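Taken in sequence, the protein lines are chains W, Y, C, G, P and V. Note that full-length UniProt numbering numbers the first sequence so that position 3 is 133, with each residue one more than the last. Note that full-length UniProt numbering numbers the second sequence so that position 55 is 55, with each residue one more than the last. Note that full-length UniProt numbering numbers the third sequence so that position 65 is 65, with each residue one more than the last. Note that full-length UniProt numbering numbers the fourth sequence so that position 111 is 112, with each residue one more than the last. Note that full-length UniProt numbering numbers the fifth sequence so that position 21 is 22, with each residue one more than the last. Note that full-length UniProt numbering numbers the sixth sequence so that position 181 is 181, with each residue one more than the last. Step one of this worksheet: look at the structure below.
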Amino acid sequence: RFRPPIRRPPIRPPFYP
Amino acid sequence: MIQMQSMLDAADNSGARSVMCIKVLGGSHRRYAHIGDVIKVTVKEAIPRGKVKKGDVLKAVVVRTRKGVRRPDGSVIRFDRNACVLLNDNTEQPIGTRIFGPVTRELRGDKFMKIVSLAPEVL
Amino acid sequence: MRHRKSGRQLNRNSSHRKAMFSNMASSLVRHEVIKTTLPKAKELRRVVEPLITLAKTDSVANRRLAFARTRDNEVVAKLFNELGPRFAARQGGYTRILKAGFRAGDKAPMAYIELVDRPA
Amino acid sequence: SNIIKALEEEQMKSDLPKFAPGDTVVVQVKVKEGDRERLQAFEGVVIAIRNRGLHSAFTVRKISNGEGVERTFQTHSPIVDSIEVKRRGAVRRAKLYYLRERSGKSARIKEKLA
Amino acid sequence: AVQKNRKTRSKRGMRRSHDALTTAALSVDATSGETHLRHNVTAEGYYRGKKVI
Amino acid sequence: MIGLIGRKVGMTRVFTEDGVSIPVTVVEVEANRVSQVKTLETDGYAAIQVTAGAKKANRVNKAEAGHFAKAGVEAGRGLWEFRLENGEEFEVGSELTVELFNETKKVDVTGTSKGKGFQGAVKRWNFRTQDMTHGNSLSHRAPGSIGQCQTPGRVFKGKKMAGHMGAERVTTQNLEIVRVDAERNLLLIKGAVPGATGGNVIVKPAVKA
RNA sequence: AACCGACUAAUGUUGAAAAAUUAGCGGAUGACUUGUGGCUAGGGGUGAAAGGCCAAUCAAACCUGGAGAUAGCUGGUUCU
RNA sequence: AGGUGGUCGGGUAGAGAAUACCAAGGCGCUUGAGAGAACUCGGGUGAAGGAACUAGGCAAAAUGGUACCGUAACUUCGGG
RNA sequence: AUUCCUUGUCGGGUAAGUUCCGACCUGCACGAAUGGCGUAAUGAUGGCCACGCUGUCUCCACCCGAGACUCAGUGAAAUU
RNA sequence: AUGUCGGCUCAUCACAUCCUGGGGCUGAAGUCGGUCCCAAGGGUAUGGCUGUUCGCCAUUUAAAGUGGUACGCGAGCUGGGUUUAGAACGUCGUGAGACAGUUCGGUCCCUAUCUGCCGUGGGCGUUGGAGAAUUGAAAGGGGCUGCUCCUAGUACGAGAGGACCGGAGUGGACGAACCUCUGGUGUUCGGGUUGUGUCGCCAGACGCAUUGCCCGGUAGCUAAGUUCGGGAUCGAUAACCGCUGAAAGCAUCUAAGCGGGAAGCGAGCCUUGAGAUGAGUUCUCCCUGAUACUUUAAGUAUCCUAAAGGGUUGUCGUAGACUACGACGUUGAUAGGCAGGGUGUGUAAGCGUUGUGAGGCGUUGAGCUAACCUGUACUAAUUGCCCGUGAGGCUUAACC
C-alpha cells in the first residue's frame, strides 16, 4: 500500500538552511 | 439571468414570499434561467397559512427579471426585481390562483396560458 | 489593442501630462520655437493649435478659457493680442515640427516645434 | 459613411414628437396577439434618451401593479406607433437613473411649466 | 532556469548573427551642402534648402 | 462558385414593417471586372481572376499594369480568383455586379478578421483563469500545466498557448441577404462579416445550400 | 496619534531589506515605554518558560591552544 | 525603501501632534527616451446573480462622525 | 481539545450538513487543586450560523499607473 | 535529494463504451428494457458534508464511462492533509518521551541555455532577375445533443398506453466572427459638489485630496449583446443482412461473382499550405555595352551602365512587443490642425432681472465637447541614398 513518504525537508526554500 | 442561489420574489399567491433557485433545469451545464424558463426552487420564506411552506422544494417559472427580455425590434424590457411563479413539481401547473405584478408576452403559449390570463398586465 | 484610440501616454499619469502640456504650450507661445522630443511635439500640436483657434475670437469668455487651459496671463495676452490676429486668416497648421536629430544624453529623437509665420 | 447615412435616413421616422428626459410620455406599442393587431399604451417617465439617428432609443420607467418596469424603445421602430408627451418635466440632467432608487414622493419630477 | 552546458563560441556567434548595426538614412542639403539625417535639419539649421533655425 | 469582391462599409439595421430589426453588414460591391480567365488547357483549372475598385496609376507596377492592359481592364485595388465548376464561360473585361445575388438567399462571406495582436490563452483559447485570491501567486491568468511529466517528456504540437490572435482569413457561412441594391451597388447581409470596415470581403453563394 | 508591538494578506525570496514594504491589526498611565551608565559569562548567566536569549551563531557562545583528536567511512592518489 | 535619544511645531479646516490642503523651509528620490502586446504588480468601474468561490468569505466589498431617540438575553450589578 | 469502532443514535439547522448546536451514555481510553463542573466580562483564540456586503465565484470585460517590449548608456547571476 | 496526498489550471492516450450511431438474440406486442457484437467522432453535472480521493446526500443530464500518462500536471498555482520545532487531551512509560490517536498553530525559491511548444521575423535556396495571381502533396480545425410538432392517437395493444420510418421547428452546451442593437468600461468629454491653496480682490478659474468624491458619457475594446456553425452528399467499410453459387446431387452470404450496411473511415466544409530542396503553375514587367588578361572557365579585371523592382528615410493604420503586413508620401486627404456636422453633457461666461439673501429667471438647449462623420493642403509627408544589372551554363531530344 501507499506509505506516506517524507521526501522533502520540513522547512522549504527559500529559507532552507 | 437567474442561477443557483438567486433569490426570486413570488408573483403568485402560493404562500412563498421568497424562493431560491436550486437548479436551472433544461440542459447539462445550463447556466441561466430567463423569463419563461422553469427552475427548481426552495421556498426560503413563506406566509403563515399557505399552500407552500418554508423548505418545500418545487418548480417555478421565471416571469420577471432585472436582465429582462429583448424584443425583435431591438427593445428591452427590464423589471426592478426578479420574480417567479411556483408550479406543481409534477404537473408544472401554478400552485397559486392569482398572479401579482405584470408579466411578459414571452409566457404566451400553451404551457403558461393560465399565468398570462391571471396576470394584471402582460408587457 | 488601442484600435482607433488617440493620445500618447508618454510614460506619465494624466495629471502630469495635462500639466506638462499646459507648460509646454506656454513655452511655445512665449518663445515661438521650442526644442522637445518628437512624440511630445506631435502631442503638443493637439494642445497649442486649439488655443490659437480660441484666441482668434476675443471675448472675456475665451480669454478665461485660455487662462483655464494655460494659467498664464502673459501667454493669454500674447495669444489674444498677437497670435490670434496673426493666424486670423490661416485655417489650422499654426505650428510646424522640424525633426532635429537625437539628444546627447539619451539619444531621444528630438524636434523643433515653432509657430508658423514668426515675424522673426 | 454617406452610404450608411443614406441607408439609415430612408428608414427614419419623419415626424416624431419632441420629448426630453423627465417627460411623462405615453408610447402606443403595436402588439400582435396571434392574428389580431392592437395598440398597447406604455405610460411612464423618460429617464434616458439615446440620440443616434435611426439607432436612437429612449428608456421609459413605469411602476405597474407594484413593480418597477423600464422599457428601452427604439424610436424609429415601427412597433412604436406613437409617442404622446403628457407632462414636460424639469430636470437638470440627461439621464434620470437616480429615479431607480426613489419611490412615490421622492420619485416625483418637477413640471417644466414654460 | 540555467544552462546544463556552457554554450560554445559557435552557437554564441550564431545568436549574434542578427546583432549587426544598420546605418542612418542621410541626405545632403541643397543650399548648405551639409550631410544630414534625411528629414531632419542640418547642424547649421537648414531643412530642404531653407534656414529654419 | 462565382462571387463578388466587396468592401465592408459598416453595420446598420433594417426595420421590417412587422417591427423586426435586422442587424445588417453593408457590403459595397464596386463593379468587379474579369482580368484573366484561367482554363484547364492553360492553367490546369478553370477560374476567373477579377479586380475591383481603382488603384492610383502611380501606385501600379509595370508588371501589374501589363497584366491589366492584357485584359483591357483598368487597374483595381487587387486581384482575386474565383474557381469555376459549372463550365461557365467568362471573357476578360466582363463585369460582375451585385445582381448576381438577386436569386441567392444565403451567401458565405470571407474577410480578414480584426487583429488583436499577441493574446493570452485566456482570450485566445477561452482558458479558465486561476483563483484571483486564495493564495494564487502570480499565476492568475497563467495557462496551467502544458503537459504530463516524463511520459511524453515534451509538449505536444498544437497545444493551446498565447500568441497572435486575429488578422486571419475567416469565412462566415449562410448569411442571409436582406437586400440587393443595384443602383448603389450594395449588398445588405444579415449579421456580422469578418474584419473591420474598409476591409475587402469576398461574397459567394453559400456552399452548404 | 506619537511611541511600543507584530494578528492577516499580498509583494518580495539572485530582495530596496541576511526578516522588509504596502494595506489593514494590538497595546497606548502601565506587569508601559525610552536614553545613559552599571551588574550577571559558558554546564555558566539570564528566562511572565519558547531550550528562548547571551553580538545576523546556541540541547552548551566565541577565540586560541591540546591539535595533524579520532574517522573500520567517502573522495582523491600524478611518467612508460 | 530598515534602525537611531532629546528640542522646536505657523495658517485653514479639525477634538487633535489624526487627516487634507498650505506657510517657513526643503525637495522631484543620479539612468533616460519611446511604445501602449501577452503576462506580473498596484489601483478604478462593472450587466445579471450574490459565497454558488474556498480547507476557510482568504482577499475584497461593506460599516465608519456628532447630537438626540432607542436598545435584548445575561450579569460578578460594573457591565453587556 | 478526550470516542477506536464512527459520518454512533436521536433532534435542530440546510434542498442536501463526516463540521456546528441540543441530547442520549456500551466513558476503546472523563473525573475532582497534573483540580471537577459552572461562570458575567475579556480574546488580532478555536468551531459553526445569519444579515449586510461584494470580481471570491458563474466568468470574466474595460480602464488608470509601475514593469514586461524598443532605442541609447551601464551591466550582474546561479550553472557549465 | 527523482517533492510526497487532495484540489486548481491545462490536458493527452487506451477501449474492457457512460451517451449518441449501427446491429444479432430476447423470457423483444408497443412504450421501455435485458444481453451480446460493431463503433473511441463528438460529448460525458452543479451543489451540501469532509483536507479528502472516495462516499453519502440534494437537484440535474442524452450521459454524468472505466483506465493509462512519475496513482499526468508544485522550475504552472494552492498548501487544507501529511512532515520539524510550540501547546494540550486520551493513552503508554518511574522518567526523558511516545501514539500507525486526537486537538489548536505553524516561511512552498529559481530572470529558461538546450529539447519541446505557441507566436513572429531574418538568411539563403527554389538557376537571369522582378511584381502578382494560384494548384494542392501535406497538415490542422470541426464532428455533441435535448425538447416540441407533423407523420399519428396511426402501427401495436384487452386496456393502459403508444412507436419505427420520414419531415419540420426550437433549445442546451461548445466554437467563431462581429458591435447594428441591449449593456459594461470609458483617469483623453461635460457637469455637480466637499476641504484647502493660489491666481491682488470680487466674480471667474486652476492645483491637490484614490480620477478628491459624485453623476452621466463619445470612440475603441467587449459579453450578458448580435449573427453564423456542427451538416447534407459521394465513395469505401465494421458488426450485421443478403443475392446467385459450387466444393458437399442437398444445404450454404463465399470458395468464383454481385449487393445492402455505422455518429466511425477517405472525400465533402473552414484554415494553413511548393523549405512539396519532389522548392510546382499561370500572367505580366525588366535588362540585348565596351574592353583588355589568363594556367580558356558558369574565368578574372577595368571602364561604361544601374532596369523591372526592393529597401532605408517620412506621414501613418480598425496592422503591430520588435518585426512583419497594409495605406499614403504633393501627379497628395497619410496624420495633425481647421470648417461643418454628429455625439455627450445639460442652459457657460458676461450682462440684465427678481429677491434682504442663499438662490430664481432671461439672454440660452447655452457653453464646452476625445478617440466619430463629411470635407479641407493650413502643418508635416524631400526620387536623396543604398540594394537589385547588362538576354541568363551544359547535355540530349524535338522542332524550326
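Where is the CB? At the ideal position from N, CA and C, for every residue including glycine.
Q. Would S14 (chain Y) be called buried (16 or more neighbouring beta carbons within 10 Å of its own) or exposed?
A. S14 (chain Y) comes out buried.
Q) For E81 (chain V), which residues of its own chain have a beta-carbon under 6 Å away from its beta-carbon, when the five flanking residues on both sides are left out? A) Setting aside the 5 residues that flank it on each side, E81 (chain V) is surrounded in the same chain by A47 and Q49, each with a C-beta closer than 6 Å to its C-beta; the list follows chain order.
Q) Going straight from the alpha carbon of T32 (chain P) to that of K52 (chain P), what length do you get? A) So the alpha carbons of these two residues sit roughly 9 Å apart.
Q: Establish whether the CB of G74 (chain Y) and some CB of chain V are separated by less than 8 Å.
A: Chain V contact via Cβ: present.
Q. Taking Cβ-Cβ distances shorter than 8 Å, what residues in chain V pair up with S78 (chain G)?
A. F15, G19 and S21, listed in chain order.
Q: Could you tell me which of V:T12, V:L4, V:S21 and V:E28 sits nearest to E183 (chain V), measuring between CA atoms?
A: For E183 (chain V), the nearest C-alpha among the options comes from V:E28.
Q: Whole angstroms is fine: what's the gap from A91 (chain G)'s alpha carbon to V46 (chain G)'s?
A: For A91 (chain G) and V46 (chain G), the distance between alpha carbons rounds to 12 Å.
Q.
Based on DSSP bridge pairs, tell me the residues matched to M161 (chain V).
A. Beta bridge pairing from DSSP links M161 (chain V) with no other residue.
Q. Quick one: what does DSSP say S18 (chain Y) is sitting in, helix, strand or coil?
A. Here DSSP, grouped into helix, strand and coil, assigns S18 (chain Y) to strand.
Q.
Three or more C-beta pairs under 8 Å: does that hold for the segment 40 to 56 of chain C against the segment 86 to 101 of chain C?
A. Contact between the segment 40 to 56 of chain C and the segment 86 to 101 of chain C is present, because at least three Cβ pairs lie under 8 Å.
Q) Do you know whose CA, among V:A196, V:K204 and V:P205, lies nearest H3 (chain C)'s CA? A) Answer by Cα proximity: V:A196.
Q. Taking the alpha-carbon positions, what's the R124 (chain V) to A162 (chain V) distance?
A. Taking the straight line from one Cα to the other gives about 7 Å.
(Q) Counting only Cβ pairs nearer than 8 Å, list the residues of chain Y close to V70 (chain G). (A) Neighbourhood of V70 (chain G) in chain Y, by CB distance below 8 Å: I77, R78, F79, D80, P102 and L123, in chain order.
Q: May I ask you to report which of helix, strand or coil DSSP gives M20 (chain C)?
A: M20 (chain C) falls in the helix class under three-state DSSP.
Q: With DSSP collapsed to three states, give me the class of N136 (chain V).
A: Coil at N136 (chain V), not helix or strand.
Q.
Does the contact criterion of 3 or more C-beta pairs under 8 Å hold for the segment 36 to 47 of chain Y versus the segment 70 to 78 of chain Y?
A. Segments in contact, no.
(Q) Just to confirm the assignment, what range does the alpha helix (DSSP H) spanning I115 (chain Y) have? (A) Looking at the DSSP string, the run of the alpha helix (DSSP H) that includes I115 (chain Y) is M113 to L118.
Q: Could you tell me which chain C residues have their CB closer than 9 Å to the CB of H40 (chain P), listed as they occur along the chain?
A: Correct list: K99.
Q) Is any beta-carbon of chain Y found at less than 8 Å from that of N66 (chain G)? A) Closer than 8 Å: yes.
Q.
Suppose contacts are defined by Cβ-Cβ distances below 8 Å. Is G111 (chain V) in contact with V178 (chain V) by that definition?
A. With respect to the 8 Å criterion, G111 (chain V) and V178 (chain V) are not classified as neighbours on the basis of their beta carbons.
Q: Pull up the DSSP beta-bridge partners for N32 (chain V), would you.
A: DSSP output for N32 (chain V) lists V:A52 and V:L96 as bridge partner(s).
(Q) Using the three-state DSSP reduction, which class does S28 (chain P) fall into: helix, strand or coil? (A) Strand.
(Q) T57 (chain C) and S26 (chain C) - do their beta-carbons sit closer together than 8 Å? (A) With a cutoff of 8 Å on beta-carbon distance, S26 (chain C) and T57 (chain C) are scored as not near each other.
Q. How would you list, in chain order, the residues of chain Y whose beta-carbon sits under 8 Å from the beta-carbon of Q75 (chain G)?
A. Correct list: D73, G74 and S75.
Q) Does DSSP put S26 (chain C) in a helix, a strand or coil? A) In the displayed model, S26 (chain C) falls within a helix according to three-state DSSP.
Q | Under 9 Å (Cβ pairs) to chain G, residues found in the segment 151 to 176 of chain V | A | Cβ contacts with chain G: none found.
**Q.** Chain-order list of residues whose beta-carbon lies under 7 Å from that of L4 (chain V) (same chain, five-residue window excluded)
**A.** Cβ contact annotation for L4 (chain V) (same chain, cutoff 7 Å, sequence separation greater than five): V29, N32, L96, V98, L100 and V203, in chain order.
Q. Which residues of chain P have a Cβ atom closer than 8 Å to the Cβ of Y112 (chain C), listed in chain order?
A. The answer, in chain order, is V42, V53 and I54.
Q: Taking 8 Å as the cut-off, decide whether the C-beta atoms of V70 (chain G) and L123 (chain Y) are in contact.
A: If you check the CB distance, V70 (chain G) and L123 (chain Y) come in under 8 Å.
Q: Per DSSP, which residues does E45 (chain Y) bridge with? Please list them.
A: Y:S18.
Q: Go to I202 (chain V), then tell me how far its beta strand (DSSP E) extends in each direction, as first and last residue.
A: Its beta strand (DSSP E) spans residues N200 to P205.
Q: Determine the DSSP secondary structure at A41 (chain C), reduced to helix, strand or coil.
A: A41 (chain C): helix per DSSP, three-state reduction.
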